[PDB]
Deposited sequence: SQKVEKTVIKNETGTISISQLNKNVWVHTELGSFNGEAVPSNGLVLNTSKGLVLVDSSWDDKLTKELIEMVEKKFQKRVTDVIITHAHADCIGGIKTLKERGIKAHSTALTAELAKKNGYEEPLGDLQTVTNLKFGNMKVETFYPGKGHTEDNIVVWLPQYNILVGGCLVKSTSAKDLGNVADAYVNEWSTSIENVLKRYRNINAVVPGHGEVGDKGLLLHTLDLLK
């Protein structure tokens, strides 16, 4: 079950009952970016926003209209435009933008409005009956990158720390820590022993093979 806007730049496909993956395309050459949309008994929760405030505002309206609920919280995985691009849209709509303190300060060094900076290395959030765990595995794609784990589904949102199956390029490594990236993916693997689905920053949902694939690219 996939829902798109009239343009094709935004789509939301269901992963399962209350877990959907939202994907937006940003021009530059159109690049897709993934994130999660969690349907809970107490509102919609998202993992990452979109490239900018226009797309982010449109993504929000799309999901709010569909589920007839308001987006209450959003988890920013790192301080790049594809995740925190619509930070200005979240704050004026009373949406809580959760992030580690580091992501918060890097958001300001990069010119984005500041997120909450509330997430610790390990933080467990529960929205209604939806359990979420955010984890900072260390430096990799960026200095502040975190992953999100849904224990009830064993679904991992590796985000930009994980590359999709056909990606042969690590992407932007100007702000990355290539050498540590590998140790950080290892911490994710050591922490979650029974991974089912793995959602990469860009690309189709895969499994733990995507983390092994990314470690291969890092070699």
Coverage holes, deposited numbering, ordered by position, sit at 1-6, 35-36
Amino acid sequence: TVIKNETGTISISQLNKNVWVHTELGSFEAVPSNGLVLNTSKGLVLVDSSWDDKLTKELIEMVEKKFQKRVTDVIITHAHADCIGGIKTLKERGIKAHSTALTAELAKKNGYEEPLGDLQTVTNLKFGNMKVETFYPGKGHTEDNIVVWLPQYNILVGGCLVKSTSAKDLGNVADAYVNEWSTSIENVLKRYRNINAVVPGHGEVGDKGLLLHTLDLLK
From here on, numbers count along this sequence of modelled residues.
Higher avg CA temperature factor (166-174 vs 29-37, as deposited) belongs to 29-37
Stretch with higher mean Cα temperature factor, 147-155 vs 186-194, is 186-194
The residue of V199, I12, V19, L211 with the maximal C-alpha B-factor according to the PDB record is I12
In terms of its chain's C-alpha B-factors, the third that includes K96 is the middle
Among the modelled residues of its chain, the C-alpha B-factor of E133 falls in the third labelled lowest
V71: CA temperature factor from the record, placed by chain third, in the lowest
So, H141's CA B-factor, relative to its chain, sits in which third? The lowest
Chain thirds by Cα B factor, record data; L119 belongs to the lowest
